[PDB]
Amino acid sequence: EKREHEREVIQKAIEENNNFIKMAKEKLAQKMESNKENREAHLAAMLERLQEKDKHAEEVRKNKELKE
Amino acid sequence: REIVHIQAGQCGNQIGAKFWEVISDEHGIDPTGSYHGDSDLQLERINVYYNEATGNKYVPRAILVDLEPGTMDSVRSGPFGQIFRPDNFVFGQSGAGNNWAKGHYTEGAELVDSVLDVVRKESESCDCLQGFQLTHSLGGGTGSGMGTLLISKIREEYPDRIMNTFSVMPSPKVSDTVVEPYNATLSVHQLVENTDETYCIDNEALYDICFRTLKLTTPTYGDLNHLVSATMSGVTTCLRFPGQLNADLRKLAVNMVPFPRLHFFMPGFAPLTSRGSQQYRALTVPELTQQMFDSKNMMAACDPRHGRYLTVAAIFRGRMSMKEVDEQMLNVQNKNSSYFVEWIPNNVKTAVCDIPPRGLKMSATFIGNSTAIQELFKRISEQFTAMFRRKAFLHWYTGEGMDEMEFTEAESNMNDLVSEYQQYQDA
Ligand SMILES: Nc1nc2c(ncn2[C@@H]2O[C@H](COP(=O)(O)OP(=O)(O)O)[C@@H](O)[C@H]2O)c(=O)[nH]1
Ligand SMILES: COc1ccc2c(c1)NC(=O)CN2c1nc(Cl)nc2ccc(F)cc12
Ligand SMILES: [Mg+2]
């Protein structure tokens, strides 16, 4: 019985050293992925409105051509 | 009847090494393994502790074990370091970091089989193997955690040989780290189950004896270990030398241990001496006898007047009258007969050996199975729960697999042990 216990304790220290490398590795990848989407989503929002600005400069120039 | 010696970790190897120096000098064996002595009394029982090598050299039957290469290299560099059979240096490299769990479950597990292999080679050489004696401390990690793991495994391979330890108790007065009470409670649980005989070498008592009685203002481990080698030579006298007794570990265990778990002995020594300085008046047999029973000479910080002596062995070394020994020993009993149990008749036994230890002309070594040793196990139980009630420092151990439960069991077994010693103090 005592040796059964002795190997269960070393199996736990391994189990937990491992679960800890695991959850770190995963916590990282989750963060790095949510960060690319967020930063991109933000850069996309900036462009979508910088370009909606270009569409309004078409509409404005096409109005002065409805002057002549 | 061969004995197999094992010393494990920082403390077990440092005192382990002094023991072999000390007794190598008493048996006239030198640092090369060559005998250069006067009396035949020195070689008649040399085989109990030494193996006889070709060229008629003597090699200690000693297995040296550490999770760290540090101390063990210092042994090999020490004065008698060359005497030790080099194959018997078994050691890892990671260390055990004063952590019982690393000694017992992770780091020690890796290394234990290689130790068990050198133990096996030595046992097989043996003609009639009495058993084993281990030197370790209970307060670090190697000697404490791995040490008891070895003791568990030896008892599985050799279930019917005697297991004897010299266990150094930790003390805030001489402490490396704050987890020593944790490490020692875990070990004491092991020791109650798996040894026949353990000598409780308290570092508290070694410290006070160094400070109060030897007047050493700032005692080193070398000062403590001088006391430890004196006691160790003492208690092993009647195993290494010829006398009327001619004892062995088993007879020792039969007569000293009335109840299997109460096998924790208080050693004591007289005269207390400090290294180097030799005083020149020999003692008188009455002096040895009063001093050796003196609490100031006990190597376990317990007051013998707070318990009862279950059994007692006393060993006298030097040229002296066995009449006066008989008389002086019969007199301390019948003067303080209250402190010996009535229900083990004639529980004090005495032996004499002609050869005194080096430096002294006459000496008395005391081995007491007193119920006052509970005071030691209470002291440590208090320091244990002082932290454990807040689960302090526990992570060092839960990190290596251990459960809180394992601590509750060890704590609980020790409080049981103290209750058991308390039962017989009233009987
Ligand atoms: N009497 C004595 N005690 C020691 C000595 N070395 C260490 N200790 C005690 O042992 C405890 C430390 O355990 P230690 O054996 O050094 O750790 P280990 O190397 O992992 O076994 C401390 O509480 C010290 O008081 C020594 O040389 N003499
Ligand atoms: C209390 O009753 C006994 C106590 C001890 C013993 C004993 C009976 N009888 C035995 O045969 C072994 N023996 C001893 N063993 C060892 Cl190793 N050292 C000793 C040193 C001094 C001494 F007085 C006895 C022993
Ligand atoms: Mg240390």
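About the cut-offs
- Residues numbered from 1 in each chain as written, not as in the entry; some residues may be left out.
- Chains lettered and ligands numbered in written order.
- Part of a larger assembly, values for the part shown.
- Heavy atoms only, no water.
- Residues with missing side-chain atoms left out of burial classes, pairs and counts.
- Pairing = 2+ DSSP bridges.
- Helix = DSSP H or I, 4+ residues; strand = E, 2+ residues; numbered from the N terminus.
- Axes fitted to C-alpha atoms, helices over the stretch in contact; angles between N-to-C directions.
- Contact = heavy atoms within 4.5 Å.
- Near = heavy atom within 4 Å.
- Areas by Shrake-Rupley, 256 points an atom, 1.4 Å probe, with all protein chains shown as cover.
- Nonpolar A, V, L, I, M, F, W, Y, C, P; charged D, E, K, R; others polar.
- Domains from an automatic or database assignment.
- Polar contact = N/O pair within 3.5 Å; in protein donor to acceptor, adjacent residues only side chain to side chain.
- Donors = N, O, S within 2.8 Å, 3.2 Å for Na, K, Ca; no water.
- Buried area = accessible area lost by both parts, 1.4 Å probe.
- Salt bridge = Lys/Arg side-chain N within 4 Å of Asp/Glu carboxyl O.
- Disulfide = S-S within 2.5 Å.
- Buried < 20%, exposed > 50% of the residue type's maximum accessible area, 1.4 Å probe, protein only.
- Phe/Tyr/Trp six-rings, centres within 6.5 Å; stacked < 30°, edge-to-face > 60°.
- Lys NZ or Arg CZ within 6 Å of the ring centre and 35° of its normal.

Header annotation of the entry names X-ray crystallography as the structure determination method and lists the resolution as 2.74 Å.

1. Some points on the sheet that holds strand β6 (residues 129-137) of chain B
Sheets are built from strands that pair by backbone hydrogen bonding, the pairs being arranged parallel or antiparallel. Residue and element names in this part refer to chain B. The 10 strands are arranged β5-β4-β1-β6-β7-β8-β9-β12-β10-β11 in an open sheet whose pairing can be described as mixed. For this open sheet the edge positions go to β5 (89-91) and β11 (348-353), each flanked by a neighbour on one side alone. Neighbouring strand axes in the sheet, compared pairwise and without regard to direction, differ in orientation by 20° on average. Pairing analysis gives eight bridges linking strand β10 (residues 309-317) to strand β12 (residues 363-370), with the strands arranged antiparallel. Bridging from a neighbouring strand, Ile315 pairs with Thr365 of β12. Its contacts with the sheet put helix α12 (residues 322-335) on β10 and β11, and the angle it makes with β11 is roughly 155°. Seen against the sheet, helix α13 (residues 374-388) touches β7 (162-169), β8 (197-202) and β9 (264-270) and runs at an angle of roughly 65° to β8.

2. Quick look at the site of ligand 2
Residues and elements named next belong to chain B. In the vicinity of ligand 2, 15 residues are found, and the nearest of them are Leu245, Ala247, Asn255, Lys349 and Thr350. Out of a free accessible area of 520 Å², ligand 2 has 93% covered by protein chains. For the shell around ligand 2, the element with the most residues is helix α10 (residues 249-256), which contributes four residues. Taken together, the residues of the shell around ligand 2 break down into 10 nonpolar, three polar and two charged. Taken domain by domain, the shell around ligand 2 gets at least three of its residues from each of domain 1 (1-258) and domain 2 (259-372).

3. As for the site of ligand 1
Residue and element names in this part refer to chain B. In the vicinity of ligand 1 lie 20 residues, with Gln10, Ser137, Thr142, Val174 and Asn225 positioned nearest. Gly140 places a polar main-chain atom, nitrogen or oxygen, 3.0 Å from an oxygen atom of ligand 1. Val174 places a polar main-chain atom, nitrogen or oxygen, 2.7 Å from an oxygen atom of ligand 1. Protein chains bury 97% of the 570 Å² of accessible surface belonging to ligand 1 in isolation. Of all the secondary-structure elements, those providing two or more residues to the shell around ligand 1 are α1 (9-26), α5 (142-157), α7 (203-213) and α8 (221-235). Of the residues forming the shell around ligand 1, the biggest block, four residues, is contributed by α1. Of the residues that constitute the shell around ligand 1, the class distribution is six nonpolar, 12 polar and two charged.

4. Side note on the coordination of the magnesium ion (ligand 3)
In an ideal tetrahedron of four donors about a metal, each angle is 109.5 degrees. In an ideal octahedron of six donors, the angles are 90 or 180 degrees. Taken together, the protein ligands of the magnesium ion (ligand 3) are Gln10 of chain B (OE1) and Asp176 of chain B (OD), with distances of 1.8 to 2.2 Å. Placement of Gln10 of chain B in helix α1 and of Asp176 of chain B in the loop between β7 and α6 (180-194) is noted, with a sequence separation of 166 residues between them.

5. A word on the interface of chain A and chain B
If you look at the interface, chain A gives nine residues, while chain B gives 15 residues. Interface of chain A and chain B: buried area, both sides summed, is about 920 Å²; carbon and sulfur atoms make up 47% of it. If you sort the residues of chain A by the area they bury against chain B, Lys2, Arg3 and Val9 of chain A come out on top, with a joint share of 48%. Its salt-bridge partner being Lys153 of chain B, residue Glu6 of chain A comes within 3.1 Å of it at the nearest N-O pair. Remark: the boundary between chain A and chain B carries seven residue pairs in polar contact. Taken together, the residues of the side of chain A that touches chain B sort by class into three nonpolar, one polar and five charged.

6. Section: the state of the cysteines
Residues and elements named next belong to chain B. One pass over the full model with this rule turns up zero disulfides over all chains. Here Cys128 stays unpaired: no disulfide links it, and the sulfur of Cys126, its closest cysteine neighbor, is 9.3 Å away. No disulfide involves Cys210; its sulfur sits 14 Å from the nearest other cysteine sulfur, which is in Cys11. Look at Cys210 and you get buried, because its relative accessible area is 0%.

7. Here we look at the packing of aromatic side chains
All names here are of chain B. Taken as a whole, this structure holds 29 aromatic pairs over all chains when the rule is applied. Measuring from centroid to centroid gives 5.7 Å for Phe388 and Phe407, while their planes differ by 5°, and the two rings are stacked. Within this pair, whereas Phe388 is found in helix α13, its partner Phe407 is found in helix α15 (residues 404-424), the two being separated by 19 residues in sequence. The burial state of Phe388 is the same as that of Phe407; both residues are buried. Three or more aromatic residues link up through ring pairs in this structure, and these residues are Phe19, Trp20, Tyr49, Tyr50, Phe84 and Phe89. Directly above the aromatic system of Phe89 lies the positively charged group of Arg76, at a separation of 4.2 Å from the ring centroid.

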